[PDB]
Structure formats: structure tokens, C-alpha cells
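> Take a look at this one; I'll ask things after.
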Amino acid sequence: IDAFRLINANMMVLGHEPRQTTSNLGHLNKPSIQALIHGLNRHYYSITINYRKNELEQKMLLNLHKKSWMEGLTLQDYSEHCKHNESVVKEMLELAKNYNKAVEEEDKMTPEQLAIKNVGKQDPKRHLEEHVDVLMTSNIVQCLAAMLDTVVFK
Amino acid sequence: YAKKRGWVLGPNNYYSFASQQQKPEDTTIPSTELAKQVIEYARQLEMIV
């Protein structure tokens with residue numbers, strides 16, 4: 001969304017949106033190539049947009065949309081929870097099959113710390129722990145969620 | 001042993017007192033301390049920050 005505003009054609013020998021009072025008018029709008037071909041800046045000009053955000057309108061906007069009551073203390077229904085963990089262990093199994101050869105062959109053949117294993121690769125030590133990262137957050141929460149109701153619900 | 005402890009000689013029979021209790025039912029004491037052990041994992045999966 002953007003707002004525009006016509007400028008008069010008589011003042012085309014002097015400034016068009018002249019008279020720099022501030023210096024905040026440069027990073028609030030950067031006209032792209034598709035904008036400066038039709039009317040910018042010889043016909044009209046652009047204008048800056050901020051959002052009037054206040055209280056009892058903005059806080060209650062999020063106090064009703066992204067809220068919950070029982071979502072924290074609710075089980076993930078193990079019919080598909082531990083079924084989901086089967087297809088996560090098996091795929092990091094294959095990435096560990098991929099990881100065994102890859103680094104040790106690269107280091108023992110040439111120590112260049114460089115080419116095609118640097119320019120177009122994807123199997124580093126960035127890919128193998130994020131599956132471990134998902135598998136912890138999905139289960140440490142799910143373990144501890146089943147610990148509260150043992151105490152709370154008798 | 002009869003004057004200090006039991007082992008009372010009656011009709012040619014001693015009597016040593018004995019009983020046993022029963023506790024497999026308490027999931028509640030591994031409820032609180034396990035909840036401590038799971039959180040102190042997740043406390044330490046971060047915090048060198």
C-alpha cells in the first residue's frame with residue numbers, strides 16, 4: 001500500500017517537493033524502477049506512511065487473536081506423536097550415513113578448505129543438528145506436559 | 001534376648017515379629033522430581049547466552 005499526491009505543473013523550473021526541513025525523508029521511501037517510469041517525479045510524488053498505534057486498541061488486538069488457555073496443558077495425542085518421531089529418526093539416520101564419508105574423505109585427500117565441497121554443497125554441520133533441535137522441542141515440552149496433570153489432576 | 005528383645009518361648013515356639021509395606025503406586029514422587037529433571041535439561045539446552 002502506498003499513497004501519492006499530485007504536484008502542479010507550473011513549478012517545473014524550481015523545486016517540486018523542495019525545501020529540505022528534515023533528513024527523515026530518504027529512508028522512509030525508496031521508489032523502485034517500476035514506480036519512477038509512469039509519473040515520478042515529473043507528474044506527482046510519493047508521501048510517507050506511519051501507523052497510529054496506541055493502547056486499548058493494539059494490545060487487545062493481540063489479546064484476542066494469538067491467545068490460548070488449554071493449548072499448553074494438552075497432549076499431542078501419541079497416535080501420531082511417536083509415529084512422527086519414526087520418520088525423523090530415519091531421515092537423520094540417512095544424513096548420518098551421508099556424514100560419515102563426506103568430511104573424512106574431503107580432509108584426507110586434499111586440504112584446500114575450498115572448492116566444489118565449498119561453492120554448491122549442502123551437507124554441512126548445519127543440517128544434522130536442526131533435526132535434533134526439532135526433535136527436542138517437540139518432546140521435552142511433550143514430556144513435561146504429561147508431568148503436570150499427574151500432580152494437578154490428582 | 002527374651003528380657004531385652006522379644007523371642008518369647010511359649011509352647012516350644014518362638015515368635016519374631018514381622019511385616020511388610022507396599023509401594024508401587026506412587027507415580028507422584030517421580031512426578032515432581034522428574035519435572036525438575038526435564039526442565040533442568042531444557043534450562044541447559046540453552047544458557048550460555
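> Collect the residues in segment A:27-53 that are more than 28 Å from the chain's Cα centre (by Cα) and in a loop (DSSP other than H, G, I, E, B), keeping them in residue-number order.
A:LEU36, A:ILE37, A:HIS38, A:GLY39, A:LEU40, A:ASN41, A:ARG42, A:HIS43 - these are the residues of segment A:27-53 that are more than 28 Å from the chain's Cα centre (by Cα) and in a loop (DSSP other than H, G, I, E, B).
> Moving to a separate point now. Kindly indicate whether any position in segment A:4-26 is within 28 Å of the chain's Cα centre (by Cα), surrounded by 10 or more Cβ atoms within 10 Å (Cβ to Cβ) and touching a residue at least 24 places away in the same chain (Cβ under 8 Å). Full working, then the answer.
First, pick out the residues of segment A:4-26 that are within 28 Å of the chain's Cα centre (by Cα): A:24-26.
From the residues that got through so far, the ones that are surrounded by 10 or more Cβ atoms within 10 Å (Cβ to Cβ) too are A:25.
Among the residues that remain, those that are also touching a residue at least 24 places away in the same chain (Cβ under 8 Å) are: none.
Within segment A:4-26 (the criterion being within 28 Å of the chain's Cα centre (by Cα), surrounded by 10 or more Cβ atoms within 10 Å (Cβ to Cβ) and touching a residue at least 24 places away in the same chain (Cβ under 8 Å)), the answer is no, since none of the residues qualifies.
> Hey, can you tell me all the residues within segment B:15-49 that are assigned to a loop (DSSP other than H, G, I, E, B), within 11 Å of chain A (Cβ to nearest Cβ) and not charged (D, E, K, R)?
B:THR27, B:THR28, B:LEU45
> Of the conditions (1) within 14 Å of chain B (Cβ to nearest Cβ); (2) of a type in the set (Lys, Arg); (3) assigned to a helix (DSSP H, G or I), A:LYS83 fails just one. Which one is it?
(1)
> On to the next question. Which members of segment A:108-137 meet the condition of being of a type in the set (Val, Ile, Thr) and outside any helix (DSSP H, G or I)?
Here is the first cut: in segment A:108-137, the ones of a type in the set (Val, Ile, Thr) are A:110, A:116, A:119, A:132, A:134, A:137.
The answer is A:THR110, A:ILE116, A:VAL119.
> For A:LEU56, only one of the following conditions fails: (1) over 27 Å from the mean Cα position of the chain (by Cα); (2) over 30 Å from A:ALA3 (Cβ atoms); (3) not basic (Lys, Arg). What is its number?
Here A:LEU56 meets the rest and fails (2).
> Which residues, taken from segment A:56-80, are surrounded by 10 or more Cβ atoms within 10 Å (Cβ to Cβ) and either of a type in the set (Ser, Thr, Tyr) or assigned to a helix (DSSP H, G or I) (or both)?
A:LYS59, A:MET60, A:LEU61, A:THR74, A:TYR78
> Looking at A:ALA102, A:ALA96, A:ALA115, which is the one that is more than 14 Å from every other protein chain (Cβ to nearest Cβ), among the small types (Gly, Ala, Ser), farther than 24 Å from B:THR27 by Cβ and free of Cβ contacts under 8 Å to residues at least 12 places away in the same chain?
Sole residue among the options that is more than 14 Å from every other protein chain (Cβ to nearest Cβ), among the small types (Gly, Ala, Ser), farther than 24 Å from B:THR27 by Cβ and free of Cβ contacts under 8 Å to residues at least 12 places away in the same chain: A:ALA115.
Values quoted throughout were computed directly from the atomic coordinates according to the rules given, and no laboratory measurement underlies them. Virtual Cβ from ideal backbone geometry, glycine too; neighbours counted across all protein chains shown.
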